[PDB]
Structure formats: C-alpha cells, structure tokens
Enquirer: 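Here you go, one structure.
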Amino acid sequence: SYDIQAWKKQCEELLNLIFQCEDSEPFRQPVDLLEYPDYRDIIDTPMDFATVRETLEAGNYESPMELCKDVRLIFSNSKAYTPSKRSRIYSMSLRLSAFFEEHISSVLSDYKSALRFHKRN
Ligand SMILES: CCCNC(=O)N1CCN(C(=O)c2ccco2)CC1
C-alpha cells in the first residue's frame with residue numbers, strides 16, 4: 001500500500017463514477033458564456049470535470065492534492081455564481097461535492113503515507 005503512483009488510476013476511477021452521477025451534468029464541460037453572459041465578471045478561473053480528466057491524462061498533475069484543488073474550484077465557482085442556496089445547479093454541486101470528498105480522502109491519505117514511507121530513511 002506504499003505505491004506512490006497508485007493515486008492516478010484511483011482518480012481516473014473516481015472521475016468515471018462522477019461522470020455516471022446525474023448530479024455532474026452541469027459540470028462536465030466549461031460553462032457556456034452565450035447562456036450565462038456575466039460568468040467571467042464573477043468567476044476568475046473556470047474549471048470543469050473534462051478539463052480535470054484531460055489534465056490527469058496529459059500527465060500534468062504531480063499529486064492528487066493538485067487534482068483535488070481543481071475539483072474543489074468547480075464547487076467554489078458554483079457557490080460564487082449561484083443567486084441563491086435554493087438553486088437547482090448549486091444544489092447538485094453540494095451533493096456531488098459530498099460524494100467527491102467521501103471518496104478522495106483515502107486517495108490522499110494513501111498517497112501521503114506512501115511518500116512518508118519513501119523518505120523513512
Ligand atoms: C455542462 C453544461 C455547462 N454548465 C453550465 O452552463 N453551468 C454550470 C455551472 N454553473 C453554475 O455553477 C451555477 C450555479 C447556479 C447557476 O449556475 C453555471 C451553469
């Protein structure tokens with residue numbers, strides 16, 4: 001269980017589960033500005049799950065903490081852009097965030113444990 005590289009395939013599997021969740025539908029592609037004309041007046045750094053998957057598959061994440069920061073940005077952008085807490089799309093973001101956090105905690109713990117074991121001497 002001290003495999004330093006194991007997080008990558010664990011993150012690919014978790015992204016597959018997020019793409020099967022109906023709650024991911026608003027977050028699978030960059031927000032469309034035609035529909036939401038004020039989006040970049042509110043959101044400095046757009047993020048979505050296809051961008052996360054492509055960054056992972058390009059080999060452009062060094063750690064699962066970096067992937068986790070980008071996924072958390074999807075959720076903080078939804079909270080910043082929502083006009084109410086009683087919003088459909090923001091409500092979907094909260095359920096999807098709880099699912100993501102429940103599954104990513106072991107991926108982070110195992111990676112950090114593997115790196116500590118690598119430095120143990
Ligand atoms: C994949 C389809 C493109 N997604 C898309 O247009 N949006 C998802 C992100 N948005 C929000 O987080 C939000 C919160 C409240 C209202 O929208 C804006 C709309």
Side-chain angles (χ1 to χ4, degrees), residues 1-19 21-121:
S1 50
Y2 303 127
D3 182 343
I4 304 169
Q5 285 93 50
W7 65 272
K8 180 174 184 178
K9 183 156 207 189
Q10 291 163 356
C11 288
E12 287 166 2
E13 293 170 1
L14 176 55
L15 290 167
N16 288 340
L17 291 175
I18 288 170
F19 275 89
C21 293
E22 289 180 359
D23 285 342
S24 71
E25 202 281 336
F27 311 108
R28 288 184 197 153
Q29 294 294 319
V31 173
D32 185 9
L33 303 184
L34 307 184
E35 299 174 353
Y36 295 93
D38 62 331
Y39 193 74
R40 298 298 305 274
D41 301 340
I42 313 297
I43 298 307
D44 290 348
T45 310
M47 187 56 55
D48 65 279
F49 285 107
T51 298
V52 176
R53 180 180 265 171
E54 288 156 13
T55 301
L56 185 68
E57 279 327 297
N60 290 177
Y61 292 124
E62 188 175 12
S63 72
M65 297 82 81
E66 292 176 353
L67 178 144
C68 188
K69 179 166 163 184
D70 283 353
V71 169
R72 285 167 177 182
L73 182 57
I74 297 170
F75 300 132
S76 63
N77 290 343
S78 181
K79 189 171 191 179
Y81 193 67
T82 193
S84 168
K85 292 168 116 67
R86 298 164 100 155
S87 151
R88 175 73 196 266
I89 292 169
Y90 173 65
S91 74
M92 291 162 82
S93 83
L94 295 183
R95 292 188 296 262
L96 194 68
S97 173
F99 175 83
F100 173 77
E101 294 293 332
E102 172 178 296
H103 284 76
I104 203 64
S105 56
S106 62
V107 178
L108 294 167
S109 293
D110 290 354
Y111 174 78
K112 294 174 183 201
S113 165
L115 228 50
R116 290 188 294 265
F117 188 79
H118 191 74
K119 63 167 165 183
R120 74 192 179 283
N121 302 321

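All residue numbers refer to positions in the sequence shown, counting from 1. Hydrogens, waters and symmetry mates are skipped; everything else that's a heavy atom, side chains included, is used. Start at 1 and go down the list; that is how both ligands and their atoms are numbered.
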Enquirer: Give me the atom names and distance for the closest heavy-atom approach of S84 to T82.
Expert: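 Closest approach of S84 to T82: O-OG1, 2.7 Å.
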Enquirer: Tell me whether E25 reaches ligand 1 (any heavy atom closer than 4.0 angstrom to a ligand atom).
Expert: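 Yes, that is the case, since the closest heavy atom of the residue is under 4.0 Å from the ligand.
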Enquirer: With a cut-off of 4.0 Å, which atoms of ligand 1 are near a heavy atom of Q29?
Expert: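 Those of ligand 1 that fall under 4.0 Å from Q29 are 1 (C).
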Enquirer: Go through the side-chain N and O atoms of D32 and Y39 and say whether any donor and acceptor fall under 3.5 Å apart.
Expert: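 Side chains of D32 and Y39: no pair found under 3.5 Å.
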Enquirer: For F75 versus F49, what's the shortest heavy-atom pair and its separation?
Expert: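 It is CZ-CZ, 3.9 Å.
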Enquirer: For ligand 1, which atoms have a heavy atom of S87 less than 4.0 angstrom away?
Expert: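 Answer for ligand 1: 15 (C).
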Enquirer: In terms of hydrophobic clusters joined by side-chain contacts under 4.5 Å, are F100 and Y90 together?
Expert: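 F100 does not cluster with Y90.
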Enquirer: Of the backbone atoms (N, CA, C, O) and the side-chain heavy atoms from C-beta on, which set of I89 has a member under 4.0 Å from an atom of ligand 1: side chain, backbone, both, or neither?
Expert: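 Answer for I89: side chain.
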Enquirer: What is the minimum heavy-atom distance between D48 and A50, and which atoms define it?
Expert: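 Answer, listing the atom of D48 first, then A50: OD2-N, 3.0 Å.
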Enquirer: Got an N/O contact under 3.5 Å between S78 and ligand 1?
Expert: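 Yes; the residue has a nitrogen or oxygen that sits under 3.5 Å from a nitrogen or oxygen of the ligand.
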Enquirer: Output the list of atoms in ligand 1 that are nearer than 4.0 Å to some heavy atom of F27, sorted by atom number.
Expert: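 Taking each heavy atom of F27 in turn, ligand 1 has 9 (C), 12 (O) under 4.0 Å.
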Enquirer: Just need the protein heavy atom nearest to atom 6 (O) of ligand 1, so name the residue and atom and give the distance.
Expert: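 Here the nearest protein heavy atom works out to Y36 CE1, 3.5 Å.
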Enquirer: Students should be able to answer this: which protein heavy-atom is nearest to atom 4 (N) of ligand 1, and at what distance?
Expert: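 Closest protein heavy atom to atom 4 (N) of ligand 1: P26 O, 2.8 Å.
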Enquirer: Determine whether a donor-acceptor pair (N or O, by modelled atom type, separation under 3.5 Å) exists between the side chain of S97 and the backbone of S93.
Expert: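 The answer is no, because no donor-acceptor pair under 3.5 Å joins these two groups.
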Enquirer: Relative to the ring of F117, is the ring of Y2 parallel (under 30°), tilted (30 to 60°) or perpendicular (over 60°)?
Expert: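 Ring orientation, 0 to 90° scale: parallel.
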Enquirer: How far is atom 9 (C) of ligand 1 from its nearest protein heavy atom, and which residue and atom name does that atom have?
Expert: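 Going atom by atom, the protein heavy atom closest to atom 9 (C) of ligand 1 ends up being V31 CG2, 3.5 Å.
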